[PDB]
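Peer 1: Residue numbers (the entry's author numbering), protein chains in the order written: chain A, 29 to 218; chain B, 66 to 218; chain C, 66 to 218; chain D, 29 to 218; chain E, 28 to 218; chain F, 28 to 218; chain G, 28 to 218; chain H, 29 to 218; chain I, 29 to 218.
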């Protein structure tokens, strides 16, 4: 009665925390996702860079599929970076989800300056001969800002191949975005 | 109730004068994974972009023999006259009675997996139905999509 | 209520230009054994498969004199104009007002046995009505089929 | 009061059992059917073999009329074999309703092996000059398996003429199938 | 004896009928006995005589009635009965059946042998034995559930099949006994 | 209904089984029906094929089992069963017996005909008749009193005797159905 | 202990499973142990053998079943499992995945490497190390929320990828263990 | 309460009586034995006649095995005749268990006179081509006379082959005797 | 009072689980045994293979010492594999405790097929220059099957040297078996 309740919420924090990243049998290599919030669903984006040079920076503005850009009032809870590696891979990548002011600036070599301030978390990923890296999944949160789908144009993902010019089929990227449900029909279609 | 109107737009390629056409009901794969879900009534719609001057004998049912091929053997299948047929020769908004028909399955409950066995069968009669003249629509009714509660892994 | 819609599909054979046709109402034998059952309203429907270009003067009533033969003596029977007639010269889904008429018998209660005495009478006017052009439908209403509780012996 | 009730159910078993097969005046030669269950109705199949050879085996998969194959979700309570003899008859037949795995095997001369295991009851029928055999009606039950009309494709009837090549008009066969009511209309037909 | 022995008495009375279905009782030692007519209804017989059909030939026959019966074509028909009484000189075989032919919707030529096959009605066989005369030669086809009348008795048709011989007209008689209500009584002053 | 109709209900239920021991019931019209397996136990079949022994020759055969069954040789055996299923071409005669041979204490050469004589076990005959196929071809030998197990099923031996013919291998199949407990269920993570 | 220690007991029992997710326990010191089958369901294995595909080649394979399982295609499937058991001579690498291919809507030619990219399913890697054998080689993909049956097991497809070598057929076996309900028990008298 | 008890004993008589001889599935050809009484056990005798002539009478005095003849005070409840047929058999036999006065008379052709009086039941057995005879088991009762094992010498079995001289291996006979338990040991053996 | 009791049993699970394998000071290199159950004792077997070839499979049926094989009714709780390494060791071994059907099959090269099904846990052991492997002790449980000492003949241990032909003195094996107490004497010996 409101005394074991606060103790139960303390221990449930430790169950999440002590199982942050360990090779659990439900997903033994790559770290598992967290559950979508009741309400919201997800929506993916596969972005393909052009063949940029060896060790070159890369800028990319976030667009969306056009069925999503209709309802530009619904909120965006969190967004996600998946970096799924296909087998032939020896390179390194850094991924970042910073806020570029929209069309206030370019993306030419000031991107390497944008890695320096650290206003956002930075996802590294590197090849090891010892084994594949277990943790390749960043979650950048947005629930405090109450942003919407209409503000998703403002953000920009920043990619950096370092030790190689990235071949277009050595490592795919993804930007998964969690927003509310696209509104359901039910009217008589004409 | 509990339904979000799944639209599939399937345009048929080019016909000659007095020739048939068949095409099977292939759906998006977010729907096909919901194979158990009960399927209510369905309808078709014929929306022409202008440059249109033609008329059609569109009718859809299950193709027998588990989807044997659908050219010139549906000529016997248009010879029965069991289900009604939509004939569009009006070319003005309102002169046509209706763009739509009915194929209810509430007692049948032929599911999403049974939509693999259905095939739109098309007859054309005039002008051989050149490019961009009509845009066929087929709208189905089937119990509401359960969304995943897990972000991609 | 209490009724399952008994459909009988009777296509008429080939006519000449300006000739009549008659055919009696024969039903499936699972229905004819239910002779006592009360019969409500009935209707006809004209569904053409395409290749169709014709028009008809379909009208059904009881043939008198206990089914005397039904060629060229129904020309006087189309000369009265008592019951309405369906004329199909539209050839598009919705341009026609209606494919259906009405012959209610709720006060008459002319039973299943009295369906032996009815005869579809057909007039054709254009194109002599060649093969597979129209598929006639006639749908009746009559108290619900009692199924047997005994497996075959 | 719940004491003669159990005695009444015991004696009613004996009324069925002691009248299993006797030439009752309601049906004096062939054994009578049992009543269809409240709910279910029946549906017949007359199967006609091709002219197979003298003493040859015979396989046949169960199909249905196409009006039945629509509602392939409704249950099948029991199925029945009638072997009605027409007058000119001197031969012998064996009928069996086994479960063949669907398209996992052929039906060529392993059918005589399928008579041997005895996983299903076997209906014999033979001519006698002493008189016509009184019992020519097998009931194979299916209420425990909760099978449907969609599983009726899986079964196969196995026929064996023994002492003769079967003429097509010396003995008819039937497969009567008891399933639920094909769903009633009541909508305004168009 | 208060609604608890009553249900036990109705169970045992079923067994008295059932265990005495066919046995050579002393009240009728060779042919199986009839059942009692229902209170109300009476009976009415028909002797039908086929023409000399060929050896092993099928035979169709529509049910007519005597004309005094065909007047009151509204009264119900409870059950009908087939008696096959054998006269002494007999060695042949017969099959009798009481099926529903759709009235004038079809003929009776050699599709009768197809009508034996479906089994929608019970089939009465009868055959000679040198071991003795067959004890059971009496079919009762019931009609109380359909609520048919005398006016529907035209629709039925009896189907006869001599098998091992061409039937001589005086080797075996047939009968169709029909149980319907009482033909209405007079009592008016006749003129 | 308080411990006085209970004993009367158990008496009448004996008569329902007994008076329906063998009669051509519509659920199985020719061969006698099986009895229900006990809650718990399941069954397991054996088809045995003799070599072509001579005309009227005896035959011995020890009971083996499939090797998946011989693992759990501690579980009990409730009853065992003989099915003799006839295929159509058949005119011969067979006798089947389920006696206890002492295991490897003796041979099976022509003392088998002496083993038919003592009658310590029931003997299933089966013979062809032109009058018709024999309705009863199913022996049940009980074992619930001895509390034997699957490990003792090696000790028994089935004894077959073709009499009027040398048995062709495809005129009549035999079976030995054995009712024992459930082979133990898995549920562990397989590796 | 009244609905207040009950919720605390369920919290700590989560930590006993979680803190013992993978550690070399003495009950199974090298390969991670299975979880217990649910009360009800049993298991059924499949050993799949690829043809000799090339070095670093993709591989597609549709899930079939043994034919005794494909009979009862109405019973549910709780979970399915991937075991990758290594035999000793092994230096290669494999990736195993249990994705949903739409049934006969597409081929399996080199779009399989695209199917690794979306990440709608967990991906089991396995690689040789000279430091030692990898302790975790057992994926469990769950299906209890979808209420799928045995009849839907045809729709799934396992995706294998040898990477650093052309896979010899006897360097590493694969398995697909499937947990579904009990195949229905007999108990009827066998004929 | 002592009113359904007498009704239960009436119906249990009918269960035995209506199942006197019918081919039950527990023993389908030869009629089954009855249960030994609590107490008593059984003891068998196989008797082998010499090759007597065609249609000849046969006398045989009842002896016992010598382990049984020790305790000649214990009672004899009932005795039994089994006539087990081996396959090659076409003959006929009559078996009878009469009381011959011990050494007061011979057994030469007055045995056929001993069949005539009918003071004991007579078991016939005959071959039929229609099938093997189902009933081949006589039980002669002795519980009223209170005889013992010492009086079993007085009885004599009477066999009559009729249609053939009996070959010694066409049909075996048996005399099964139900008496009390031969007394159990338990002393320290020396 | 029956509420801290269930919490105490939850935490005691975590004390075992979080101390599954760690280098505790009571046994710093090889993982410790678990306590024998009250009742049962243990019994060892050292098995010595012949010099099989390089990378060759190996089969071996479980026998026992003859003093144990007397009381073949007593139960077997669990059995154990110890793989004790002596110093000169660079090879690799796999050990498995599968159920071979007794004399139903050989052990020639189908043993490598028996590794594939995974019906039993598989103990690997490999040399590392980084250090000796800490976990070399499999426990296969048998308490659910209620097997006895008489069924220990049915099992077979499967050994596989992989990278070398095993010298007979580079690595010993053991099979420790936990069964009940061999029955105690106390009678006056003669």
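The C-beta atom is built at its ideal place from N, Cα and C for all residues, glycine as well.
Quick check on residue 87 (chain B): buried or exposed, where buried means 16 or more other Cβ atoms within 10 Å of its Cβ?
Peer 2: Looking at its Cβ environment, which holds 16 or more other Cβ atoms inside 10 Å, residue 87 (chain B) is buried.
Peer 1: Which residue from D:123, D:122, D:116 and D:71 puts its Cα closest to that of residue 120 (chain E)?
Peer 2: D:116
Peer 1: Out of C:181, C:108 and C:205, state which residue places its alpha-carbon closest to the alpha-carbon of residue 91 (chain C).
Peer 2: C:181
Peer 1: Keeping to the same chain, check which residues put their C-beta closer than 7 Å to that of residue 137 (chain G); ignore five residues upstream and five downstream.
Peer 2: Around residue 137 (chain G), the same chain offers 85 as residues with beta carbons nearer than 7 Å, after the five sequence neighbours per side are excluded.
Peer 1: Could you tell me the alpha carbon to alpha carbon distance between residue 94 (chain G) and residue 130 (chain D), rounded to whole angstroms?
Peer 2: 9 Å
Peer 1: Measure the CB-CB distance between residue 104 (chain D) and residue 170 (chain D) and report whether it falls below 8 Å.
Peer 2: yes
Peer 1: Jot down the residue ranges of each uninterrupted alpha helix (DSSP H) in the stretch 117-151 of chain B, minimum 4 residues, whole runs only, in chain order.
Peer 2: 129-132
Peer 1: Could you give the first and the last residue of the continuous alpha helix (DSSP H) run that contains residue 140 (chain F)?
Peer 2: 139-142
Peer 1: Below 8 Å, how does it come out for the stretch 53-61 of chain F and the stretch 142-162 of chain D: are there three or more Cβ pairs, yes or no?
Peer 2: yes
Peer 1: If you measure from the beta carbon of residue 146 (chain G) to each beta carbon in chain B, is any gap under 8 Å?
Peer 2: At least one chain B Cβ lies under 8 Å of residue 146 (chain G).
Peer 1: By alpha-carbon positions, which one of A:53, A:141, A:81 and A:87 ends up nearest to residue 191 (chain A)?
Peer 2: For residue 191 (chain A), the nearest C-alpha among the options comes from A:81.
Peer 1: Less than 8 Å between C-beta atoms, sequence neighbours within five positions excluded: which residues of the same chain meet that for residue 155 (chain B)?
Peer 2: 161
Peer 1: Classify residue 146 (chain G) as buried or exposed, calling it buried when 16 or more other Cβ atoms lie within 10 Å of its own Cβ.
Peer 2: buried
Peer 1: Using a Cβ-Cβ cutoff of 8 Å, what residues of the stretch 43-60 of chain D are near chain C? List them in chain order.
Peer 2: 55, 58 and 60
Peer 1: Residues of chain B with CB closer than 7 Å to the CB of residue 204 (chain A), please, in chain order.
Peer 2: 216 and 217, listed in chain order.
Peer 1: Are the beta-carbon atoms belonging to residue 56 (chain D) and residue 54 (chain E) less than 8 Å from one another?
Peer 2: no
Peer 1: I'd like the span of the beta strand (DSSP E) that includes residue 185 (chain E), first residue to last.
Peer 2: 184-189
Peer 1: With 8 Å as the threshold, decide whether the Cβ of residue 153 (chain B) is near any Cβ in chain C.
Peer 2: By this cut-off, residue 153 (chain B) is an interface position.
Peer 1: Between residue 178 (chain B) and residue 97 (chain B), what straight-line distance do the alpha-carbon atoms span, to the nearest angstrom?
Peer 2: In this model, residue 178 (chain B) and residue 97 (chain B) are separated by some 7 Å (Cα to Cα).
Peer 1: So what does DSSP say about residue 33 (chain E), is it helix, strand or coil?
Peer 2: helix
Peer 1: Comparing C-alpha positions only, which one of G:214, G:112 and G:179 sits nearest to residue 20 (chain G)?
Peer 2: Only positions 28 to 218 of chain G appear in the structure, and residue 20 (chain G) is not among them; the question remains open.
Peer 1: Write down every uninterrupted run of the beta strand (DSSP E) in the stretch 88-155 of chain G whose length is 3 residues or greater and which is fully enclosed by it, in chain order.
Peer 2: If we require 3 residues or more, the beta strand (DSSP E) runs fully inside the stretch 88-155 of chain G come out as 104-110, 120-124 and 151-154.
Peer 1: Using a beta-carbon distance below 8 Å, is residue 84 (chain G) in contact with chain A?
Peer 2: no
Peer 1: I think residue 159 (chain G) touches residue 156 (chain I), with their Cβ atoms under 8 Å apart; what is that distance to the nearest whole Å?
Peer 2: 6 Å
Peer 1: Assign residue 164 (chain H) to buried or exposed, taking buried as 16 or more other Cβ atoms, counted over all protein chains shown, within 10 Å of its Cβ.
Peer 2: buried
Peer 1: Any beta carbon from chain D within less than 8 Å of residue 5 (chain F)'s own beta carbon?
Peer 2: The requested residue 5 (chain F) is not part of the displayed model; chain F covers only 28 to 218.
Peer 1: Taking the Cβ atom as the reference point for each residue, do residue 181 (chain I) and residue 114 (chain I) lie within a distance shorter than 8 Å?
Peer 2: Their beta carbons are not under 8 Å apart, which means residue 181 (chain I) does not touch residue 114 (chain I) by this criterion.
Peer 1: Looking at the secondary structure, which residues open and close the alpha helix (DSSP H) in which residue 95 (chain B) lies?
Peer 2: 94-97
Peer 1: Would residue 88 (chain H) and residue 185 (chain H) qualify as a contact pair, given that the criterion is a beta-carbon distance under 8 Å?
Peer 2: yes
Peer 1: Check whether the Cβ of residue 87 (chain E) lies closer than 8 Å to any Cβ atom in chain D.
Peer 2: For residue 87 (chain E), the closest Cβ of chain D is not nearer than 8 Å.
Peer 1: Going along the chain, which residues of its own chain have a beta-carbon closer than 8 Å to the beta-carbon of residue 189 (chain H), five neighbours each way excluded?
Peer 2: 80, 82, 83, 84, 86, 119, 120 and 121
Peer 1: Assign residue 154 (chain D) to one of three DSSP states: helix, strand, or coil.
Peer 2: strand
Peer 1: Could you check what DSSP says for residue 33 (chain D) in three-state terms: helix, strand or coil?
Peer 2: It is helical.
Peer 1: Scan the stretch 159-172 of chain F for residues whose Cβ lies nearer than 7 Å to a Cβ of chain H and list them as they occur along the chain.
Peer 2: 163, 165, 166 and 167
Peer 1: If we require 4 or more residues per run, which alpha helix (DSSP H) segments fall completely within the stretch 82-170 of chain D?
Peer 2: 139-142
Peer 1: Write down the C-beta distance between residue 105 (chain G) and residue 124 (chain G) rounded to the nearest angstrom, noting that I regard them as a contact closer than 8 Å.
Peer 2: Going by Cβ atoms, the distance from residue 105 (chain G) to residue 124 (chain G) rounds to 20 Å, so no, they are not a contact pair.
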